[PDB]
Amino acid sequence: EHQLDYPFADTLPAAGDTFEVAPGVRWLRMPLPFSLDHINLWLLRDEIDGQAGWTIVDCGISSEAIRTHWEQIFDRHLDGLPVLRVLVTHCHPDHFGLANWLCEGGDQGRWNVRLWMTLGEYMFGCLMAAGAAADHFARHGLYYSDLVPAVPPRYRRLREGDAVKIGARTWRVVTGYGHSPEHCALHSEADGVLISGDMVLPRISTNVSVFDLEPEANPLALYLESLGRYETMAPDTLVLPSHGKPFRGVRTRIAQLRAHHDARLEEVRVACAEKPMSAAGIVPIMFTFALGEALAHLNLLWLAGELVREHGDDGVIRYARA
């Protein structure tokens, strides 16, 4: 991380509190009970139809800790203004879980506002909250509703290239692929601010996986292509990532992510040059989730013509050179 610039140094907002990272832009940090221990949420000062308030970006999972901290932020750090709408970058549970609860005003029903989301994320989120994977993981070498217990039944659709006026800014929708169906990052070009969601994280790489639902997918190529959207943005762009700290150096970080994935891909090349490898066989070299990440690297090489697949007489799919 030492090649990155953290403009606020050791600053981390306390739970239940905000930190102003830019005029009208407040940073909240919520605890998560996983190895990924936090998510950053954004409170944006706003005014819609003459009414001043806040646009929320991302929600937290549905947990007692996060809910309690939202109630504290409602009580102490909204200047007595309402939330005007809830905007969600993508459907992963730490971003989307509390969307319905937020939309409907939290524990005390303080407002009733609309969810803003991309169609792919909202639809996929709906599909997943309505809840096989054994015949899929076996052929490669081997609950969402707890975190998202309700979903808003309506939404206002965000699309690539939309201009979303929030307070004094025009945030441009920048869609990203490979991590999730249709990931919404928000770009404010005039002043140089980027709400990056999970597409550009300063300290950790972005999850990229192949699942049973789309088993020939190429998420890593999609992701590596999506990264070009931030590479061309201003060098001094303030990045607001959902995990880690606000930072400058987006081009430097992306250079690191591209190098990292290149090293990962090369290890997979090396392994399949020795003998045909299954996704399960790639895991110990590369590092249930991990199989999906191994499948993403194998599928990229496969779809690029660098590997061929074969269904073995034991029903395992293996990847080797042509």
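From 1 onward, residues are counted along the sequence shown.
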None, 1 to 3, 4 to 9, or 10 or more: how many residues of the deposited sequence lack coordinates between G131 and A132? 4 to 9
Our gap detector needs a label for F287 to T288. Which class matches the unmodelled residues of the deposited sequence there: none, 1 to 3, 4 to 9, or 10 or more? 10 or more
Using only C-alpha atoms and the B-factors in the entry, which stretch averages higher, 277-285 or 38-46? 277-285
Mean Cα B factor from the PDB record: higher for 171-179, or higher for 231-239? 231-239
Using the entry's values, work out which of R157, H187, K245, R110 has the largest Cα B factor. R110
Using the temperature factors in the entry, find which of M30, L291, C59, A255 has the highest value at its Cα atom. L291
Quick one: classify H90 as lowest, middle or highest third of the chain based on its Cα B-factor. lowest
Which third of the chain holds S209 when residues are ordered by C-alpha B factor: lowest, middle or highest? highest
Can you work out whether the C-alpha temperature factor of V148 puts it in the lowest, middle or highest third of the chain? middle
Name the third of the chain's ranked CA B-factors that contains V193, choosing lowest, middle or highest. middle
According to the PDB entry, is the CA B factor of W101 in the bottom, middle or top third of its chain, that is, lowest, middle or highest? middle
